[PDB]
């Protein structure tokens, strides 16, 4: 991804966009009961904690574009992946406005809490003033589509979240690019059925894990994986995507019956954005921050891995590449051992910056013991080995519980963390609950004991 130009929005006919400057994150009732070192990300250039230019730090995510055209390896990758997707018999019909808006089987309704983007954010018009969950009214939406049309500017927001001390100082906050409600709705109409098909088929055929339930899906993953696992992390995946990867995606869509709407992909690839009093044009880079791009990022990841394998190991048998992606996150496998370090090298030529899986300093062998997917390890249940626990370390959970975005959601926030934590075992889980119950707010919460969560887990299969 590369910013082509940036200039005052008024110069190209746009209003200044107001974006909150204060974090809604504040110490929770457990701030001093659990250990943690993360704080809210810098949201403005005038943050006392900064140590380097802010604006420069947040837009530096666009490292540039290493490639423009789709080479021969990418074409092969495209034919193999498209071929796989073909077996799912995906309904290529456009989805009706109602379902695209309020959801259907395999597609959750449009999120009402997220920004409605341009121009609604400059009209003080909220989604709640357009969508009726209970009415499933499409008249107001339809009127807005006819009025403002599509291909509108995306609104940039700095993501309000916890970040490491170093990242706070270096202004490394994550920029979020929100599509207009009109575009988001239009895209869910064009690809709604593709999305549902992916949500209902998490695994190695879609090569996707979006929409999955870790508590249940972790038991299915090992059976689909090959003999030898391999993985790695990406540095700024979304922003690093070159235009060619978007072209490769269009080819996959064409081959599976959606060549009808590959233009929407151009809208993601070559896009313009609004940030405060500025507007800028980006070549490449997947608009980051929201679920609308999850599937396309996963699809592109399937193309990337295949491409690097073809480029690095001529004669590789892609039919035996078993991988599952969730955006940039990935867990892959092959009957034979591969060199991640080497793949990383080939990746550089394609504009991808790949590093050792889970912040290792060197590329080590990935095993069922050290592999993580969505930050969760895999652990067989001591009583029933065939049931696999998704284990997220307590560290991140402790970091999260030390802050709150709304006292009204303390119950849900903490219950959420409990669903993640009990998998670390009864000993660890009880220590967690006891610490929670060492302060008034915690004792007033209705939280499930270990026994209850274990039984509920077995009863969910």
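Numbering follows the first chain given and starts at 1.
The PDB entry records a higher mean C-alpha B factor for 348-356 than for its counterpart among 348-356 and 295-303. Per-stretch averaging of Cα B factors for 217-225 and 126-134 places 126-134 on top. Note on the listed residues 271, 142, 182, 242: the highest Cα temperature factor in the record is that of 142. Looking only at 267, 368, 237, 148, the residue with the top Cα B factor in the deposited structure is 148. Among the modelled residues of its chain, residue 46 has a C-alpha B-factor that falls in the highest third, as given in the PDB entry. Compared with the other modelled residues of the chain, the Cα B-factor recorded for residue 424 ranks in the lowest third. For residue 402, the recorded CA temperature factor ranks within the lowest third of the chain's modelled residues. Among the modelled residues of the chain, residue 161 sits in the middle third by CA temperature factor in this PDB entry. Annotation for residue 372: C-alpha temperature factor in the lowest third relative to the rest of the modelled chain, per the entry.
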